[PDB]
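Worksheet for the structure shown next.
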Amino acid sequence: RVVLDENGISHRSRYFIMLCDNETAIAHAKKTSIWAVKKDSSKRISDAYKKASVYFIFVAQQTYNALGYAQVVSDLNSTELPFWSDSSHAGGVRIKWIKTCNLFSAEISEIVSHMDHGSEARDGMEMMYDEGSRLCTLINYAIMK
């Protein structure tokens, strides 16, 4: 159906988690459709942009609240960083919001708790295709209730 690589990652659709820890960054992302990418995870995300459709799934760090998801629609850019970015960031990306929300789902939370091969998710991790598609479905289902 969807053909995966040896990592359980899709060739076409690739999903990274963004663990957000202040309301001011996420609110600004939601108005201006920009996000900043950590140097830590920047090489892998930038290479994913060049080969596949890339998606960021936004979750609150303290609570694991679903904040939404978006498609990344521009490559890494050091000049176009949002105001909240410190030196932990490589550059900005333009995004295209698909869903925005602010809510807690236990199913969503469970996936985020186990995302790092059974451990809690690390900011800017790539996840498996199955986790990505499941999280996007759960957000949609949660919003429509």
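Scheme for the structure tokens: letters A, B, ... for chains in order shown; per-chain residue numbers from 1; ligand numbers from 1 in order shown.
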
Test item: residues at most 8 Å from segment 56-63 of chain A, only C-alpha atoms, excluding those fewer than 5 positions along its chain, as a list in words: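 The residues that qualify are residues 15, 16, 17, 18, 19, 20, 21, 68, 69, 70, 71, 72, 104, 132, 135 and 136 of chain A.
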
Contact residues around residue 39 of chain A with only C-alpha atoms at 7 Å, ignoring same-chain residues under 4 positions, as number ranges by chain: A: 88-90

So that I have them on file, write out the residues from the current selection with N, CA, C and O atoms, as a tab-separated table (two decimals), in the first residue's frame.
```tsv
chain	number	residue	atom	x	y	z
A	88	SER	N	20.36	27.90	19.17
A	88	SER	CA	20.07	26.48	18.99
A	88	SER	C	19.43	26.15	17.64
A	88	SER	O	19.22	24.97	17.37
A	89	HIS	N	19.13	27.16	16.80
A	89	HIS	CA	18.45	26.96	15.51
A	89	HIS	C	19.34	27.22	14.30
A	89	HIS	O	20.17	28.14	14.31
A	90	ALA	N	19.14	26.41	13.25
A	90	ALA	CA	19.89	26.53	12.00
A	90	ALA	C	19.26	27.55	11.06
A	90	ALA	O	19.97	28.26	10.33
```

Quick check for you: according to DSSP on this backbone, which residues of chain A are classed as alpha helix (DSSP H)? Reply as a count of residues only. 47

Excluding segment 73-78 of chain A and residues on its chain fewer than 2 positions from it, collect all residues at most 12 Å away from it, counting only C-alpha atoms, and give them as a PyMOL selection string. chain A and resi 33-39+41-56+70-71+80-82+85-98
